[PDB]
Structures are given as C-alpha cells and as structure tokens.
C-alpha cells in the first residue's frame, strides 16, 4: 500500500462535500482504501509526505483534440472567427499529411507531449476527440493516441470523431475533408473490440464522437445511438456553438437539440461540448433527458462566442464537467488555469447578483466529479474508499500563495504556476516534486519538437 500522510487539505467531492485538514489517503493497487486522520501504515510499503499540500481527485479533461498540440500559437490563427479557424486547421493538417509530416507516428508524439503536460497539470484522465482520418482508409491515429496514453499511464477515453457531411449537402466542411459513414462505423466497431475496458478502473475506453450537427450526417448519429446501446459505450459531440442553430434551421427546420432528439441522442449516454447558446426553453429538456455538458471556457472566449449558461445548467440539475479543448484554440492543456478564466469571466454577465457567479468549489467540482460524470465514470472524481486512486496535489507553501485563507479558493485565485506537485493515476505515482517520475521529460520534448511540422 501507499500512504500519503499529513495533507494540509483534502477535498473529497463526496456526497456530503467533505473536506479534511491534516489528514491521510491510503491506496492499495488501483483503489483508495481510506481517507481520514492518522491512518494505519500497517501494510504500507511507501509513505509520502503530504504536509503543505492540498489533495483533490485527479482533474478530468472531458474534451481534448490532442493532434492540435502541433498547431499552437500560429500567427494567422491568433485572431480569427470559427469559419476561418476551422479552414485553417483542416487545410494545415491535410497539407502536412500530404507531405508525409502528419501520420500516426507524428500524432503519437504530439499526443505524448500534450498528455504529459496534462499529468503535470494534475489531470489524470483525458477524453480526446480525434476526427483527422485523411486518405482512403482510417489510419491508426486512435491507436497512436492510446499507445501514448498507455506509455504514460494516464487514464484515457478516445471519442472517435469524423466529418461525414460535406458542403455539397449543407455541411460547412469541404468534401475533401469528408469520410463515408460506413467507414466511420466499421472503424469504431473495431476500436471497441480491440481497446475498450468496460470494467471498473478501466484505463482505456472508447466513445463515439461525431464532430457535430453541421459536420455529420443524421445517419451517423443514428448508427452510433444503436452501437452505444449494443456495446454499452458513450456518445459525445459539440453542441450549440453560435452558428449551429442557423445551420440546422436551414437544412432541417429544427434546432440542434431537436435534431439530436430525433436521431437518438436525447439520453443519459451523452455528453455535449460547449453548449454556449441553447434556447432557454430547451434547458429543462436537457435535464429530463439526462445529457451532460462539458464547459469549455477558453475556446468559448477565444472564438468570441461568449458565456455558456452554466448557472442555469446547475440550477436545472444538469451534470456539468470541464475541458480545455484542443491546443489550436486554447492554446494550452492547462485545465486548472482555465478554471480561473471561468471564475472571472462569468461575473460581468450578472453584475448585481454575485450569488449567480460560479464559485471556486463549483468549478473544482466540474473539473473532477462533473467531468467523471460526463465520461460515465462513477469510479473517478471523488476521494473516498472504493474509488480509483487518481489523486492530484498542489503545494500551498510557495511565496505566491502567502496570505491565502482558503486553500481551495487559492488554487483558482492565486499563483504563478498550475503545476501539480504529486500526481497518482490508477495507484501509480507519476509526478513528484513537479517532475515526471517515469516519463523521460527531456527526451519527449526533444523527440516531439523534432516532429512538429
């Protein structure tokens, strides 16, 4: 067993919202044995000094696009609206691929860098949505991301994505960038069979993740609804980005939500990215259907889209998680940092009603238990006996956090660095003293840097 002893603060996000001061966490293999004061070192082979740290459940990034790690801080994409951005991302990936610079071997190393950054930011589970499948067959991009995740020991969900609707039939995505529906469906069946670990504490899971209503055929949504039921997997897509409702109205005469409902996606199998601009009248329907929503504050601001109605979702009892999206519209993978953006940016929408503003604890819950719920993981996101030993800890004793009265608020509101001190995934210590203990950091940086087009 591993004992983390004397943590200054432990935030459990359990059903009573318990927190503890000067307390311990005991781990046995993949699971937490106990969380409490003065735990027995009875059968402990290693004790870790937690004094001066705050411990949370590992952060869970419920929406990534890992391959975009190769597209950070491109000047031509710094200040662009969505149409220009998407064109720029699609054309660069296709161009680099055509030139032999962007195959699965490159994506493997880009994924490795972004996932290692994720671990260093206290993120223990990442859900990636990968849509890039150029050419005549679906190449081993998903396999590559899974290989990187497995090598690092980070918990991983792969939501296989696509664009199946071309401009010729109402999609805002060129035919060149379009895949046949049957090819997508066939590929997903194989991925589930090869990789999906449905058991508690499973380290790799597959989800079905169309890019969205403006990008994919209704037939794909229906195929995936059937596949999800048959194989007991989850469903993910983008939802209510600003131009979406215009597209669905024009093509189908209905809202994006009504479209999802018609095609089998109004269910508790589903988590939805962004959800920036739904009609208010649909919010109770999201709640009744049991869909979950991932708040992605950074891209919502970066694209000029604005503020998702997160308070309204919480009021309605809808599950709200958190994510970063990909590094071409963030442009980092720093989930903890992005929580600060949300804590501050929502406030001016309700200048005279601060009770509506999202609190630090609400945001930390979104990034842990909320994201776990988005991914369908009752085994994650909570520090309590029987849950996965996925733990992230930050030091509280730096000069940049002097004067902090509440350490949980301090995690969001103070600091020069979001680097986690100690990170455990599946009971394995992966980061200590802000440095990877198993991954070869310097080698990974060098190798991936050499491969960036």
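Residue numbers count along the first chain shown, from 1.
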{"item": "Higher-B stretch (mean Cα B-factor, as the entry records it), 115-123 or 286-294", "value": "286-294"}
{"item": "Stretch exceeding the other in mean C-alpha B-factor - 164-172, 374-382", "value": "164-172"}
{"item": "Top Cα B factor in the deposited entry, candidates 60, 425, 420, 48", "value": "48"}
{"item": "Residue with highest C-alpha B-factor in the PDB entry, from 231, 102, 224, 141", "value": "231"}
{"item": "Residue 145 CA temperature factor, ranked by third within the chain", "value": "lowest"}
{"item": "Residue 313 by Cα B-factor - lowest, middle or highest third of the modelled chain", "value": "lowest"}
{"item": "Residue 190 by Cα B-factor - lowest, middle or highest third of the modelled chain", "value": "middle"}
{"item": "Ranked C-alpha temperature factor of residue 251 among modelled chain residues, by third", "value": "highest"}
{"item": "Relative C-alpha B-factor of residue 237, binned into the chain's lowest, middle or highest third", "value": "lowest"}
